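A look at the structure
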Amino acid sequence: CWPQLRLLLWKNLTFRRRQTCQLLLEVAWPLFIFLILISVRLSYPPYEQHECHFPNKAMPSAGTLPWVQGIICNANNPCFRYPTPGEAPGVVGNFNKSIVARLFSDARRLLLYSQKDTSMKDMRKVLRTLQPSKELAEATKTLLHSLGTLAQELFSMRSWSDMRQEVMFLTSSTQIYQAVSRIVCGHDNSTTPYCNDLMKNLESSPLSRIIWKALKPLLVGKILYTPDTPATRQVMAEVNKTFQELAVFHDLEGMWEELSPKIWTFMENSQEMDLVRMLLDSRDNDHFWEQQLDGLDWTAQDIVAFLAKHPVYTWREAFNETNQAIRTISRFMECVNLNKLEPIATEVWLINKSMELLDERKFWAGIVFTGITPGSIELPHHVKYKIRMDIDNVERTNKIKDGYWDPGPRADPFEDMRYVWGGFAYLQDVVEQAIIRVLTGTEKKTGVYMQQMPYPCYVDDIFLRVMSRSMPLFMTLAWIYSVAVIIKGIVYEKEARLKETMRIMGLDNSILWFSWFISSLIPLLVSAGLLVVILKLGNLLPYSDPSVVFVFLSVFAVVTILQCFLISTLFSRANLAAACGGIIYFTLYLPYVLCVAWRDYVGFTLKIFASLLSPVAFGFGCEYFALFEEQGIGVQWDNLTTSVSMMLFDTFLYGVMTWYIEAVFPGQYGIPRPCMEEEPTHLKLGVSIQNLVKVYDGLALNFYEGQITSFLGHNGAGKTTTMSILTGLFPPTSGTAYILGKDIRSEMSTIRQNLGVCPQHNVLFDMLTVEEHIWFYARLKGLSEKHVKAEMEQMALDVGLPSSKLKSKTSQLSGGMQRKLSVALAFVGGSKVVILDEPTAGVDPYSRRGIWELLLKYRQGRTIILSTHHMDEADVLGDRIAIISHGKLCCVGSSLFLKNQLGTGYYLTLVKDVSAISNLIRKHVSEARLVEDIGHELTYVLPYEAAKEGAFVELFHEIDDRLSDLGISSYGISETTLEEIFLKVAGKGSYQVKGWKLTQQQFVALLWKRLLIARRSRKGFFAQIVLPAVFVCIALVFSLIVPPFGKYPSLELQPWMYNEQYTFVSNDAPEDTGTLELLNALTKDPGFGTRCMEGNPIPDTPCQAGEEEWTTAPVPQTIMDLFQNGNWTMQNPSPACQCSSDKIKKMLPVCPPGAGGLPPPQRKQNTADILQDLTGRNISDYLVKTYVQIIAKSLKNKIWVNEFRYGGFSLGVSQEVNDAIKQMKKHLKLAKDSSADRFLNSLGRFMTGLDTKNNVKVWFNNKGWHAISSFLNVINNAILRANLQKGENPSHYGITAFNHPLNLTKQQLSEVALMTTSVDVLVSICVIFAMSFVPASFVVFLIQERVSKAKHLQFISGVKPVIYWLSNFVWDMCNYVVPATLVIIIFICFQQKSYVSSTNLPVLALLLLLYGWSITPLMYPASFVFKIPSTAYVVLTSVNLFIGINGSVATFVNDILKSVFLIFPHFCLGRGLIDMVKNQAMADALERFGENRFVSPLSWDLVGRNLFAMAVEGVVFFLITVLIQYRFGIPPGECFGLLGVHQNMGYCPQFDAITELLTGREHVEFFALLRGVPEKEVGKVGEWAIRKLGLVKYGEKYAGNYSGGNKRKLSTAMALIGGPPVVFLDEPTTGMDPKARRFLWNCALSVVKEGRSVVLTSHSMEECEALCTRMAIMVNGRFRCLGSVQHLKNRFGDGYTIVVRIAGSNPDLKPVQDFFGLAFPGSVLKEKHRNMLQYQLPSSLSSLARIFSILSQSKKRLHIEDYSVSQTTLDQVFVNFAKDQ
Ligand SMILES: *[C@@H]1O[C@H](CO)[C@@H](O[C@@H]2O[C@H](CO)[C@@H](O[C@@H]3O[C@H](CO[C@@H]4O[C@H](CO)[C@@H](O)[C@H](O)[C@@H]4O)[C@@H](O)[C@H](O[C@@H]4O[C@H](CO)[C@@H](O)[C@H](O)[C@@H]4O)[C@@H]3O)[C@H](O)[C@H]2NC(C)=O)[C@H](O)[C@H]1NC(C)=O
Ligand SMILES: *[C@@H]1O[C@H](CO)[C@@H](O[C@@H]2O[C@H](CO)[C@@H](O)[C@H](O)[C@H]2NC(C)=O)[C@H](O)[C@H]1NC(C)=O
Ligand SMILES: CC(C)CCC[C@@H](C)[C@H]1CC[C@H]2[C@@H]3CC=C4C[C@@H](O)CC[C@]4(C)[C@H]3CC[C@]12C
Ligand SMILES: CC(C)CCC[C@@H](C)[C@H]1CC[C@H]2[C@@H]3CC=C4C[C@@H](O)CC[C@]4(C)[C@H]3CC[C@]12C
Ligand SMILES: *[C@@H]1O[C@H](CO)[C@@H](O)[C@H](O)[C@H]1NC(C)=O
Ligand SMILES: *[C@@H]1O[C@H](CO)[C@@H](O)[C@H](O)[C@H]1NC(C)=O
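Residues numbered from 1 in each chain as written, not as in the entry; some residues may be left out. Chains lettered and ligands numbered in written order. Heavy atoms only, no water. Residues with missing side-chain atoms left out of burial classes, pairs and counts.

Its PDB header attributes the entry to cryo-EM and lists the resolution as 3.1 Å.

Let's shift gears to the nonpolar core. One broad trend across soluble globular proteins is that nonpolar side chains are buried collectively. By size, the foremost hydrophobic cluster in this structure holds 76 residues, and its most contacted members are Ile367, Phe369, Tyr385, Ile435, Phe1209 and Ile1275. In terms of residue count, helix α19 (residues 424-440) provides more of this core than any other element does, 11 residues in total. For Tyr385, the residues in contact, after removing those within four places along its chain, are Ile367, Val368, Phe369, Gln428, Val431, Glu432, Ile1295, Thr1296, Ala1297 and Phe1298. If you look at the next biggest cluster of nonpolar residues, it comprises 57 residues, including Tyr1364, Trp1365, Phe1424 and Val1654. (Core = buried A, V, L, I, M, F, W, Y, C linked by side-chain atoms within 4.5 Å. Buried < 20%, exposed > 50% of the residue type's maximum accessible area, 1.4 Å probe, protein only. Helix = DSSP H or I, 4+ residues; strand = E, 2+ residues; numbered from the N terminus. Contact = heavy atoms within 4.5 Å.)

This part covers the site of ligand 2. In the vicinity of ligand 2, the contacting residues are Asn240, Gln244, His250, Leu338 and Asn339. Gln244 places a side-chain nitrogen or oxygen 3.4 Å from an oxygen atom of ligand 2. For ligand 2, an oxygen atom lies 3.2 Å from a polar atom in the backbone of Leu338. Counted by class, the shell around ligand 2 contains 1 nonpolar, 4 polar and no charged residues. (Near = heavy atom within 4 Å. Polar contact = N/O pair within 3.5 Å; in protein donor to acceptor, adjacent residues only side chain to side chain. Nonpolar A, V, L, I, M, F, W, Y, C, P; charged D, E, K, R; others polar.)

Taking strand neighbours across the sheet as the criterion, the 7 strands line up as β2-β7-β26-β25-β22-β24-β23 in an open arrangement whose pairing is mixed. The open sheet has two edge strands, β2 (57-58) and β23 (1162-1164), and neither has a second partner. Note: strand β7 (residues 446-452) against strand β26 (residues 1254-1260), 7 bridges, orientation parallel. Paired with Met450 across the strands is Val1258, a residue of β26. (Pairing = 2+ DSSP bridges.)

A grouping of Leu23, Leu24, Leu25, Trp29, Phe32, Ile36, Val40 and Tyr44 is seen on the molecular surface, where their side chains present a nonpolar patch of about 760 Å² in accessible area. Topologically, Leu24 is positioned in helix α2 (residues 23-41). (Patch = residues over 30% accessible without salt bridge, like charges linked within 9 Å, V, L, I, M, F, W, Y side chains within 5 Å. Areas by Shrake-Rupley, 256 points an atom, 1.4 Å probe, with all protein chains shown as cover. Salt bridge = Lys/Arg side-chain N within 4 Å of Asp/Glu carboxyl O.)

Turning to the site of ligand 4, a few remarks are in order. What surrounds ligand 4 is the set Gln22, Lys488 and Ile583. Coverage of ligand 4 by the protein chains reaches 53% of its 610 Å² of free accessible surface.

Moving on to the sheet that holds strand β35 (residues 1732-1737). On the basis of which strands lie adjacent, the open sheet formed by 4 strands has the order β34-β35-β33-β36 and antiparallel pairing. Each of the sheet's edge strands pairs with one partner strand only, and the pair in question is β34 (1724-1729) and β36 (1760-1766). Recorded for the sheet is a direction-independent mean angle of 15° between the axes of neighbouring strands. Sheet topology places β34 next to β35; 5 bridges connect them, and they run antiparallel. Within β35, the position partnered with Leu1725 by the bridge is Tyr1735. Of the strands in this sheet, β33 (1696-1702), β35 and β36 are in contact with helix α67 (residues 1744-1757), which crosses β36 at around 170°. (Axes fitted to C-alpha atoms, helices over the stretch in contact; angles between N-to-C directions.)

Given two aromatic rings, their pairing is described by the distance between the two centres and the angle made by the two planes. Following the criterion strictly, the structure yields 60 aromatic pairs and no others. Where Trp264 meets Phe319, the ring centres are 5.1 Å apart and the plane angle is 50°; that geometry is what we call tilted. Looking at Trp264, the relative accessible area reads 33%, which means it is partly exposed. Relative to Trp1413, the ring of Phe1369 lies with its centre 4.6 Å away and its plane at 40°, an arrangement referred to as tilted. One end of the pair, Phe1369, is in helix α53 (residues 1361-1389); the other, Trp1413, is in helix α55 (residues 1401-1418), with 44 residues separating them in the sequence. You can call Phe1369 buried: its relative accessible area is 6%. Relative accessible area serves as the criterion here: at 30%, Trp1413 is assigned to the partly exposed category. Ring-pair connections join several aromatic residues into one group, and the members of that group are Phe1355, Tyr1364, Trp1365, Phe1369, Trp1413, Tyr1420, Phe1424 and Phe1518. Seen from the ring of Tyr858, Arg862 lies directly overhead, with NZ or CZ sitting 5.4 Å from the centre. (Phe/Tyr/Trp six-rings, centres within 6.5 Å; stacked < 30°, edge-to-face > 60°. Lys NZ or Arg CZ within 6 Å of the ring centre and 35° of its normal.)

Glancing now at the packing of helix α51 (residues 1334-1346) against helix α56 (residues 1432-1452). Relative to each other, α51 and α56 sit at 140°, their axes nearing to 10 Å. The pairing of α51 with α56 is recorded here as oblique in orientation. Taken as a pair, α51 and α56 cross one another with a handedness that is right-handed. Facing α51, whose interface residues are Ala1336, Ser1337, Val1339, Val1340 and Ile1343, α56 presents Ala1432, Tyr1433 and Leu1436. (Parallel < 35°, antiparallel > 145°, perpendicular 65-115°, else oblique. Left-handed = near helix turned anticlockwise from the far one by under 90°.)

Let's shift gears to the state of the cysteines. Counted under the stated rule, the structure contains 6 disulfides. Note that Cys73 is cross-linked by a disulfide to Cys185, the S-S spacing being 2.0 Å. When the S-S torsion is 95°, as for the bridge of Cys73 with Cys185, the disulfide is right-handed. Looking at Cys73, the relative accessible area reads 22%, which means it is partly exposed. Taken N- to C-terminal, the disulfide-bonded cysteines of the chain are connected 1-3, 2-4, 5-6, 7-11, 8-9, 10-12. (Disulfide = S-S within 2.5 Å.)

Moving on: the pairing of strand β9 (residues 685-690). Note that β9 and strand β10 (residues 700-704) share 5 bridges and pair antiparallel. Looking across to β10, one finds that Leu685 is bridged to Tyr704. Two elements, β9 and strand β11 (residues 736-739), share 4 bridges in a ladder whose sense is antiparallel. Of the residues in β11, the one forming a bridge with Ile689 is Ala737.

Before going further, it helps to spend a moment on helix α3 (residues 64-72). Within α3, 7 of the 9 residues are buried, which leaves the element mostly enclosed by the surrounding structure. Each element contacted by the buried residues of α3 is listed here: β2, α4 (99-116), α8 (173-184), α10 (212-219), α19 and α47 (1235-1248).

Moving on, we get to unusual backbone geometry. Leaving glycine out, the prevailing phi sign among residues is negative, and the prevailing peptide bond configuration is trans. With an omega of -5°, the peptide bond running from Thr226 to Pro227 counts as cis. Position of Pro227 among the secondary structure elements: in the loop between β3 (224-226) and α11 (230-244). Of note, the bond from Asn1706 into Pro1707 is cis; its omega dihedral lies within 30 degrees of zero at -5°. Relative to the assigned elements, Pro1707 resides in the loop between β33 and α66 (1710-1719). One non-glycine residue, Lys1198, adopts positive backbone phi at about 55°.

Glancing now at the side chain of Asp1372. Note that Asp1372 resides in helix α53. When residues no more than four places from it in sequence are discounted, the contact partners of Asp1372 are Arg1010, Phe1338, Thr1416 and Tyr1420.

Applying the stated criterion across every chain, the model contains 42 salt bridges. Taking the shortest distance from any N to any O, the salt bridge between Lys1689 and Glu1665 comes out at 2.7 Å. Highlighted residues: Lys1689 in helix α65 (residues 1686-1691) and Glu1665 in helix α64 (residues 1661-1667), separated in sequence by 24 residues. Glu1665 sits in the partly exposed class, given a relative accessible area of 29%.

Looking at the element boundaries, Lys742 is found in the loop between β11 and α30 (749-752). What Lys742 contacts, discounting residues up to four positions off in sequence, is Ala737, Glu747, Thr750 and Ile751.

Below you can see the structure in the form of structure tokens.
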């Protein structure tokens, strides 16, 4: 079994090598795919980012100055890469090095000191006393002390010394930025054009691009509120106070203008300044000043120089600088809108005013209070308010998350930070604080800070994940090509009956399947190894062992090969299977991507039950590979095992299914599973049949060695069954068959080793040479190398191709040479018993004679068993003819015995009065009669038993005597043929219709034929109507699940919008009662917010009742010992872990347990979430470590990891001045209703609104889109509930905030309407792909009818092919229209207002109609150049899909492009659909906004140009299709057969040309309707033709299910429908059966005898000599008689043939042979047998009387028993004419 496997492997490798066309592409396709993949990979490098923290943002309630400082400088999330000091639980600053803060603190200190200072009083007292004494010295000392204290207080500021330097340095790109960052924080018709171009150059400068967007809605915006309720009025007045807190710079200009002259005259010409300047320079005061100054700068000399009078830095310069600064800050503040408060009556007017202000580019958010009942009391204890703002300034409310998870803290300052720079959080906090202050009436000041949670050193490698999760597509493209190739190969080897021949030679299917598996696995394994190598080298899958991926790809190759072995058992056409394999593989892989989208509810059992396919298992393996690759550790030898096990189970299942289907459902050739002469005993016996039986008798026949015995039968008895049983593959019955002494049922393998079989089909492999065939067959026989070479040389010498030009050439020989080689190949191995099956089927007589010579040369003891339907072959070759019938043996014996036992007498033929010759013959012969009389031919019959006494000689002498009297020109005599013995043993309409009505009749006939072939196709090509239907159905059901992408509902800001989350509360500095009560109110019965309190005022979220436990999670002993080691302080409280080392890219840092440090006490807060106490713990490090470890643990299980925590809280701790200011205002220059009073009040308010007792940091995760506002509302509600007194039941006390964006403007609606292409193009492509399936049926029907089936056969008669094409187009439109209408109704069923509208439906309908009308003729010329059916479907579908994708990409993107792309109807339909949807969307947007537009879609600009374009395109395409086709002596009753005007000629093609879906009578009815037969008598003509050509019992049956004889009879019936004067036939009886060819011959004779000549061409000379009368051999062409029949047999024919048999036997008589040789001089020994001789006499036919005389005289002397004399045949004359060429 090993040499056979080696031979099969060699044959497969040689088949693969000799092509040199598929293997190089099989190698280059995956190479190109992976090169494109690595080229795309090299363009997207991985994005690495270090771990970093974010600063804390200050809200307006935490002070105006810190809020402004946080807004201005740190507004870009610098991600400082280190824990900022603001994240510490104690300090909430990070603005300690600010200069503005120091200046404000120094100003506050100076203001507080100026009240207690009384130096002015002492100076006035000294001035009054001076205007020496005792109290004068004490007064002077007190004045000096006060002056020294004032100087020490003034010189300790040092704030203006830096601000002045900064402002002079302000008046190179990074220098100004650094100066601003140092001065701020740490490290047109409406307004004047001044602020206009100020803002213009601010937007035009690359310095405030991140600051102007945040400062625009602060000083330009405007706030509106509804309704006009006194409670709303109070809360908005509080908001206005909060806003005007920073209005101190407004009333400063008036104060400066009022206090400038006073201070000027006080410093210029006042006595106080004079006394101060006089007391500064002296002899003893210098030491006092030097001591009081403590060595600081600006000594007394500088003091006198600065405070001098009439003057380098004098106080006048500082005065002018202060004046200029006040002037410029007033000019800046002049256009700062601080009156942003507008009350509106109702909501719709508020929205209208909001849109109007948005059109004016000055509009901030608007508050809408719900449930107020205008006219009410202070508050209803539950305030509900919504904040409406522009969609470009707030986060979207349609979704709360990004969808698919990805690393990254989402900290973009502009794209995902609209809640900060948009102004939502600030205004929300202000409104919440105002509501709290109005509800409680308290004076507490609690600040709120926004701290963002840091991220633990993430990297971005999304491309790697996408490539590793979408691997199967690129991994299986080239493999789909390869499996298509191998499927084509398998189906080609199966269809050519090669597997049946291998099984006949003694081979099992197991070894064939194994050889195919190996030959398909070798190149697949090579490709898998190369792909593994290129993946390891190209850094596409690094840190991965090549061995595991190599074995994975090997298992994938094995399972794909077994899938192909399963699929190949369902097809019978090589090209069709090759085209369908890739589609089947694609639709079998599609389940993987279908399941990967809905994997949220996919269980393990469902995955296992769905893992019966190979692509889904490969996808699961690739997902596991990606999961183990994204963490940098890779996959090595250590899920995947389950995937490999499922793939092996799939291989086993595919193998079992293949073994089952091959047995139960085989092809059209397999078997499905649930007158006796004396036997010559002088030779050897090879086969012995004894009582063979079957399923519905007795067979006793013996075959001898040195004889070529025949086996005849009607193919209906037990002849073919017995021949098959003798060859094996069939279980025998209760009988015996001893082949060379071996029983069939006993041993079958020993018999097949020496048994040659030659079936009807020639067995020759393609791409192979004849010497390779000989070698392969000889090696499969079982011979050694020397015997193989000897047999090859002998066969090359015997066949007749001893030349290197034919031995090394492929199967390019003629049919005769191929048949001769196939016959000779059955004699390899020295087989002692051979069984032939119909040799020389359709070869010319020369190749027939050659094969006969080869068979006679291979007769030396080989037991040749002939089996053919030809009688002349079995007569001239069969030595013992055996004819059986009815399953039993009827006759057996030699040719002479069978002809002389039950045959008829000789047949004489005279070729030129018929009564004189008949009377003479009846006078000479006893019982003679006339057989036939045809044109120049008279044939009679004579009894063979008569004329034995010597009457033959006298008759021949009488004929030769008066031969010139009669008109006979030549005479001949022959014997009885074997065909007669085998047969003995077993349309007109009375008038023509050709004319004007003939065209209409042909049109209606073609339409009727097409309707009949389309109606009877319920099982055939009927999917062309239901497949586009379901395609459009699924395309529409896919378009009803996509959101409109233009809706923003009212989203309630609550932290419970997510399923599960973790919270935390950190009580820092637990020594204050306020922080303790705030923590209590935050962790009391009401809970965090308004989730559950006296009910559930939030939809679809009920609260839990009982959950209260302060428990700690267990900890292993390892971490316990690690932390008992010690040295774990606040700084570095846990072992950190590195991330993204060199050459190792890690998505998240992995490190051993103990990263968090300790499990904090967790407790469920009765709100579907748990909180953990983090008091006294490092918040940032703990959060980072817990987040990274939780994400790692959740990703290690592959459970679609999502966010873990969202928010947490950290509580901590941070009038006299006002009183002093009031005293100063009253004490000095007191006034009222002036600018000074207002400025002092504003300054006092600003100084008061900057100190906060306690504060809370709200840690929020920016991954949640609405996480900051939710927890802000929560902490505001907690602050509200903490400020309640006397126990007001804080359960029903809460504040609810909403987020509802305003209505979209015109531009936004236009962009939303235009952004629908991403949905429209998919529907357009799906509709195009569904509608491009109808013309494919028409084009494949045209291809099927084009290959000599119906086109040329109808063109033979007058059919006017233009009318044929017109009828085809009409029927295609009528078929296309019904399906188009059905699709339109299906579309109409659904409610798609974009199409069902009264202005979109008829235009949609006519567009589809025109698309069909234009696409029908486009594919018409594609059927011309296609010499294969059932294959253009997939190619044309791929071309249409490519054109559709090209049009879609062109529409995606221009005028000239759209103008020239109109030639494609798919592009036209796509553009029409796109324009229709766009017009509908624009009209809907205009109706929604309040406009009116009635633009009809039928305008020539939008839609209507494409319609005319497609119409003219279809017209010119039909014209081009019509023009392409055009490319711009035989007397009556003479069968003049060529032995090499349209309506009056009949034609019969060689190959059968019938439709497989029509009946027998319908064919002749259609052909009569085409031949000008009236519709009235067309049925009578059809019935007449049916009765003439037989098959009456099969008149109503599909012609496709007929047999060869039935198809030939149908062709003959069609050939004589109209009754032409001359009918042309080509091979009428080919491969038929006796008793059936005689019927066609008699029909032809009856046709020709009625005065209608026939012209028949064929290869069998027996049919020609039995039918034709004049062998018109047109060597020179045209018409030329070649001397009839008998004339040609007597003129150029050979001599006679005499077969003689001796009376004596055992074994023969040499004297008879000697006398026969001595009698005739030209006697040749044609065949010498035992008791049987035959001889040939050339050039001695004219003396036949003398030959008969000598035979009669020698019968008694030579002891002759039987004799026979016959003439030459027609095939002998043919080979004689062809041998001399
Ligand atoms: C919670 O836990 C985290 C870590 O788990 C703690 O964060 C640690 O403490 C500091 C955070 O404020 C970090 O100190 C910084 O370290 C930087 C690293 O630079 C190098 O440091 C190494 C020593 O590790 C030196 O040999 C090198 O020469 C480098 O200096 C320092 O650069 C940084 O110094 C600052 O530089 C800036 C700019 O020059 C100055 O303006 C500034 O004044 C300061 O000098 C600073 O020393 C520390 O690295 C960080 N991580 C670790 C592992 O310690 C938190 O502190 C914990 N929470 C609490 C409340 O303690
Ligand atoms: C809300 O505050 C604004 C300014 O903070 C107030 O507008 C001031 O008063 C009148 C307009 O009512 C103007 O003459 C002033 O110039 C405005 N600005 C300043 C700085 O005084 C407004 O009156 C306040 N409204 C309510 C209802 O309190
Ligand atoms: C608003 C009014 C009341 C402020 C009055 C205080 C002003 C006039 C005084 C107090 C402190 C003084 C400053 C003290 C220090 C210096 C640094 C020196 O190199 C230039 C002069 C300069 C800058 C002085 C300018 C004048 C000064 C700013
Ligand atoms: C006789 C042999 C040598 C030639 C056979 C032609 C083969 C190689 C060509 C002709 C038609 C081609 C197919 C046409 C359609 C498709 C569908 C597409 O989705 C995958 C490629 C696939 C499956 C092509 C594979 C290669 C193909 C089958
Ligand atoms: C900043 O912190 C320092 C301590 O390092 C402190 O002295 C200073 O007052 C702080 N600045 C503030 C709170 O503005
Ligand atoms: C805003 O949109 C809502 C949503 O339907 C609609 O009811 C309202 O009339 C619209 N208002 C304006 C001014 O367009």
